[PDB]
Amino acid sequence: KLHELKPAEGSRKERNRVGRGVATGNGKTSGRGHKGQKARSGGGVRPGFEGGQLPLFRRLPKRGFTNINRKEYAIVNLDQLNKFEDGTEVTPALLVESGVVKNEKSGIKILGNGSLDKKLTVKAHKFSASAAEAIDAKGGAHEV
Amino acid sequence: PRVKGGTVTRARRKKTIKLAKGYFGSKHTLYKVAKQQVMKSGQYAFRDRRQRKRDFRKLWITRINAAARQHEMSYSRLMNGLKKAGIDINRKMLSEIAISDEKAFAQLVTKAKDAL
Amino acid sequence: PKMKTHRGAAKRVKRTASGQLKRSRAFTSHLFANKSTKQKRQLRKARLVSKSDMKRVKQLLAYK
Amino acid sequence: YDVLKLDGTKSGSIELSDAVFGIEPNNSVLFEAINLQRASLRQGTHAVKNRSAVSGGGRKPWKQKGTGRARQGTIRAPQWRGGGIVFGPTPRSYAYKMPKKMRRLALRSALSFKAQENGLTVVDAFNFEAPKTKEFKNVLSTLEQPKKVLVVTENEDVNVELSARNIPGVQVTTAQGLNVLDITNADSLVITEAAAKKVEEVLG
RNA sequence: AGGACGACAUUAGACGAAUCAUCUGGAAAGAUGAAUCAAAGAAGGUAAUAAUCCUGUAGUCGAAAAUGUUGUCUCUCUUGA
RNA sequence: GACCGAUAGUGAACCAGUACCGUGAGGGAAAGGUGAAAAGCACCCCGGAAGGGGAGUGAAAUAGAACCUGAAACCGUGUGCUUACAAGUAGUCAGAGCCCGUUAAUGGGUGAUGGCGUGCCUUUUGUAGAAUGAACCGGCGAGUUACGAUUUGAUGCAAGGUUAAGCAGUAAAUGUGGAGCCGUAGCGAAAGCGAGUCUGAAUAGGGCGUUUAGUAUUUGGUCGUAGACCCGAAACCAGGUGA
RNA sequence: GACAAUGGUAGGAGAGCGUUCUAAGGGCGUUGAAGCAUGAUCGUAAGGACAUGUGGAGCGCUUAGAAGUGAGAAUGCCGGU
Ligand SMILES: [Mg+2]
Ligand SMILES: [Mg+2]
């Protein structure tokens, strides 16, 4: 009932309060050590700062650019098309709605990693070279 | 919620002062002075449980030594024979025999000289 | 506030498919007559940011 | 789902249960959908001053070197008698979400603890013309119901819930207004037949 | 760009159900007994801890008047492709 | 109201920005409680009066306006043991002699004589240190919360997980809301190619990959932006008040 | 039931007592609560009761939650001596 509640076994935990004793360990110096910079209130230096020596990222050269346009295609293997059972046409108004492709960026590419094991009418924006052969083995179609 | 400092600084600073009654002057009244005498009176007692066991042996050996010299024997000739003549078990707290019954302590001295 | 990516390090570094970074070798700017042909050729392949220096830059590259 | 009652009675005893009243209840979810509800009722209006909110205290109190007593900076500091509170309460908020597969498992572990314990009772649709609590206390006495019951009805009629407000223990919630803290607060559950088909149509 | 006739809201206010007797006490609201009201068991006070003693709450009820919010009634004004 | 309860919460529960400090701008505290009802002590007695002690009111004045409970420091009066030939961080362990009698257990107070024994923190290669700090007693007085990041523990589903703002709902924690995000496929500076790809005349050889578990909320650790454990400067700038 | 381990400052890990507050179940209280005072008691430690005195109305226990959660020192701050 409600007058007797137990948490999940191993789920909960106490928390360390520092500076509140001498035999709890974290006491009279709170787990920082003696004097220095990083035992001051708010000390500790910024990350990736070696100390005055020039850092890692000012010792390597820059490399590359963007290509502002940059098409991106969504991947469907051939192993993911055994989910469609009975002679089904594979349409972008169907290949999204089941749950194979979620939230595509541009048109669907059909790569070849698995096998179809079923004849299928397949329409896709770009096939690959090895996946437009295992469709032709079972007997299928194409459209770009 | 504001946890006010309640009645735990009463009680924690009584059960140190009440351990420290019988001390001179201010070492039984003030907190800070009777605190740090309680930390030393449980430290002196810790090396005085270990020292008590070996300073009652510096007394039993003194009585046995003042018992064999009137029978004209040393102490070091007495706890030699009683390991070697007999297998009289090593005991020095039982120098109570020499105090109580001198007639009882005499036959041991007979048995020590007998096989040494 | 949410953490800002160190922009001077995202220009120099890619992210691979095991978490480990990728960089380009130094000394590739000038003075190529003071370097051997067995040395100017092997400052060209790319390597990985070391196990030591990955301990320092865990927070600065969080959205890569 | 035992049989039925009207006031000492029986009828067509509905039995078509589902995974709503029968699943073995986990307690790791049922403990953690109470804390999500019990720690969201707190409004958290509580605050305190800091060093920058107290009135005054900008002049240095003339104590730097050459006075023989301690170095002091303001007369409003946490050492000092007056204001300045270091790490006090702030006006914050206490709520968190949880997955929708884990908020539906909770009611399948609080209804499921009522039929293991015979703490469920289905009645027919009772009609009160005018609300009278004296008319309603004659009902729960002969129904043999405990000190604290949860009355489930389908839709909030304006004559059922107006009775049984001053009966200590009795709360009247509609079918889609069920909680988790309510069900583990009751002792036996009383559902109408028109609503036992309704809370089960939501979940099973 | 210049008015009336009553609807509703605000600033006073009214009604508003039901507990009696003993024990300890300086005192009953307390424990032990019997009763009751409940669209009312929120809260405060009363010689201690009151659903039934008081002020009240759920609910109804109320404007001589002065503002305020809108309905339709005027009243001003107007050519449409 | 899982906010405070008179050193708290407003500076202020008391007739507070008021006593008081400053030429001036400006700075700024201290204060609460008789009892259910004033029934607030008629009259006698010592006193110049205060203040007392009886008698009286009251449940109680051992609640009398120094007015609820009344801690410690510090000053007193009484009494069982003890001390005027001794060199004491004041205790400890061994122990005669004396006066007592508890939460009943191999008890309590006191201490002639013997052994050992140079206080507590903080900073140090190292403190009895003649290095630092505290007169004493009492209160107050320092790793906190937010929005992100990453790892660990739990739990729900699992090639799939999950919603954000919003709208309905008791400042209800629960129904709708799939915009969005992370995964399922990497590689290259980029075109691109894709279980492979880039460098290269050349898979010839090497770089990073491939034959699998993720995701959403939360317990703890730590890191980042915020004053970020608390206390303390010399000084910089902006309006203003003063010969 | 054998054989084993157990000095420790910086620091890492584990396991617990206590304080104010809230929710739920049960309970003591004017035939006297909290608080304070004395005592020769109980647990491996922080800490828990109980027995007379003063006190005059509110408080503990079991499981879980949340912290303004623990004082011997800062030439610390106000009050007393
Ligand atoms: Mg000296
Ligand atoms: Mg002049």
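For every chain, the first residue of the written sequence is numbered 1 and the count continues from 1 onward along that sequence, whatever numbering the entry uses; residues with no coordinates are hidden. Lettering of chains starts at A and numbering of ligands starts at 1, both following the order in which they are written. The full assembly is larger than what is shown, and all values describe the shown chains rather than the whole. Hydrogen atoms and water are omitted, and side-chain values are computed over all heavy atoms in the structure. Residues with missing side-chain atoms are left out of burial classes, side-chain pairs and their counts.

- Per the deposited record, determination of this structure is attributed to cryo-EM, with the resolution reported as 3.6 Å.

- If you check the PDB entry, chain D appears there as 50S ribosomal protein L4 from Staphylococcus aureus.
- What UniProt records for chain D under Subunit (unreviewed entry) is the sentence "Part of the 50S ribosomal subunit."
- UniProt positions are given in the numbering used here, feature names are shortened, and annotations may be inferred rather than shown by experiment. UniProt, in its Sequence similarities (unreviewed entry) section for chain D, records the words "Belongs to the universal ribosomal protein uL4 family."

- Going by the PDB entry, chain A carries the name 50S ribosomal protein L15 and comes from Staphylococcus aureus.
- What the UniProt record of chain A gives under Function (unreviewed entry) is the line "Binds to the 23S rRNA."
- According to its UniProt record, chain A has this under Subunit (unreviewed entry): "Part of the 50S ribosomal subunit."

## Some remarks on the overall build of chain D
Phase 1: When helices and strands are counted, chain D shows 7 helices and 4 strands.
Phase 2: Secondary structure elements in chain D, listed N-terminal to C-terminal, are α-α-α-α-β-α-β-β-β-α-α.
Phase 3: The globule rule puts the C-alpha radius of gyration for 204 residues at 17 Å, and the 28 Å found for chain D is more than 25% above it.
Phase 4: Its C-alpha atoms give chain D principal-axis dimensions of roughly 95 × 40 × 25 Å. Helix numbers and strand numbers start at the N terminus; a helix is a DSSP run of H or I with at least 4 residues, a strand a run of E with at least 2. C-alpha atoms define the radius of gyration, and 2.2 Å times the number of residues to the power 0.38 defines the globule rule.

## Quick word on the interface of chain C and chain A
Phase 1: Contact between two residues is taken to exist if any of their heavy atoms lie within 4.5 Å; hydrogens are not considered. Each partner contributes residues to the interface: chain C has 17 residues there, and chain A has 11 residues.
Phase 2: A simple way to read buried area is as the amount of 1.4 Å-probe accessible surface that goes missing from two parts once joined, with both sides added. Taking both sides of the interface into account, the surface hidden between chain C and chain A amounts to around 1,300 Å²; carbon and sulfur atoms contribute 67%.
Phase 3: Counting the surface chain C buries against chain A, the share from its top three residues, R12(C), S24(C) and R56(C), is 46%.
Phase 4: The term salt bridge refers to a side-chain nitrogen of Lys or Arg lying within 4 Å of a carboxyl oxygen of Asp or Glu. Joining chain C to chain A, the criterion identifies 0 salt bridges.

## Let's talk about the UniProt feature "domain: Large ribosomal subunit protein uL15/eL18" (unreviewed entry) in chain A
Phase 1: The UniProt record annotates "domain: Large ribosomal subunit protein uL15/eL18" (unreviewed entry) at residues 75-141 of chain A.
Phase 2: Secondary structure over residues 75-141 of chain A splits into 12% helix and 16% strand, and the C-alpha atoms at its two ends are 19 Å apart.

## Section: the arrangement of the chains
Phase 1: When the 2 pairs of chains in contact are compared, the highest contact count belongs to chains A and C.
Phase 2: Nowhere do chain B and chain C come into contact; their C-alpha atoms are at least 29 Å apart.
Phase 3: At the C-alpha level, the nearest point of chain B lies 9 Å from chain D, with no contact between them.

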